[PDB]
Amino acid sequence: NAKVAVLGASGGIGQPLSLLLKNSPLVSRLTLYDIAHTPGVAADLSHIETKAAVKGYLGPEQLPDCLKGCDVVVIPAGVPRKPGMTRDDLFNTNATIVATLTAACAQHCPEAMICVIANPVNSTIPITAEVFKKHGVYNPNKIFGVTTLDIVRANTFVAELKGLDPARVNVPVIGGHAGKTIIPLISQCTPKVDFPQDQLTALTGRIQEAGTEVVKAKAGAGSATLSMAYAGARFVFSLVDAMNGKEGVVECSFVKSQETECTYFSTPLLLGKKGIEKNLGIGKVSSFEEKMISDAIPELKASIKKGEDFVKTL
């Protein structure tokens, strides 16, 4: 019974994301927006033999019609990295894109859940929050910075190393979504896994730099797209299941947080009909993980401020 909109639906991420969404019996209405190529993408997906009615929308003039009556909005719209770039080098470009798109959501679907994929998530969620404030519709329980791909990677890597089924592995990942702000809580991993500090340090670095590993392997042809489409769909499915009253649905996401001195932080979250039902916090951690959290906060605060500062200048 759910209506989902994808803003940036024509991109590397947008298209496979929209495919996974079209395939799902959770979605009953799928609206697709972009500045380019949307009608062709929409006609393509509309042929798939599932119940979701698909409709494409092109240009800022048609953005309002797209957002009308939306339960959930996902935002891959944005520019991806090239080899060498940091996530921060994309800031100027993506800030503008996010501000414009979130404003429309604020005006035309303020009760919707907003899932921002565009980078850097550490700054673009603050932008989304303030933009919603500036239109007087802010609800911190419905704005999500999608960090799911970090969890998905953590699970895959730990599964590979221990020879486990990655469907049975669950690694909480907290903090933010860039470099050393990504903190894998291997001590909270289910099932429990024992590593020497040797491997545990590499495993942590592997998770932190996984996004850059992929950018290097694509040699200028973009960043993670297919895996991100999987993670983005997974998060939307969790969210939509929770909104149908499924119980015990937990996902980590970058949101408005009380858990630290940082006003935005990613922790595991109990999702429900409200959006965020309850924030489960950092919980019990190892010294090594405590350390990483302390180091990450400086950088996190800078990125949050940078986002709030940008909204002031509109």
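Heads up: residue numbers just count along the shown sequence, starting at 1.
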- Which has the higher mean CA temperature factor in the PDB entry, 57 to 65 or 243 to 251? 57 to 65
- Segment of higher mean CA temperature factor, 24 to 32 or 281 to 289: 281 to 289
- Message: Can you tell me which of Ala219, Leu149, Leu200, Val169 has the maximum CA B-factor listed in the PDB entry?
- Response: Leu200
- Task: From the list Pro196, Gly78, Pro83, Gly145, select the residue with the highest C-alpha B factor recorded in the entry.
- Result: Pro196
- Query: With respect to C-alpha B-factor, does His47 fall in the lowest, middle or highest third of the chain as deposited?
  - Reply: lowest
- CA B-factor ranking of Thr225, expressed as a third of its chain: lowest
- Message: How does the C-alpha B factor of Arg87 compare with the rest of the chain: lowest, middle or highest third?
- Response: highest
- Query: What third of its chain, lowest, middle or highest, does the C-alpha temperature factor of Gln258 fall into?
  - Reply: highest
- Item | Ranked C-alpha temperature factor of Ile276 among modelled chain residues, by third | middle
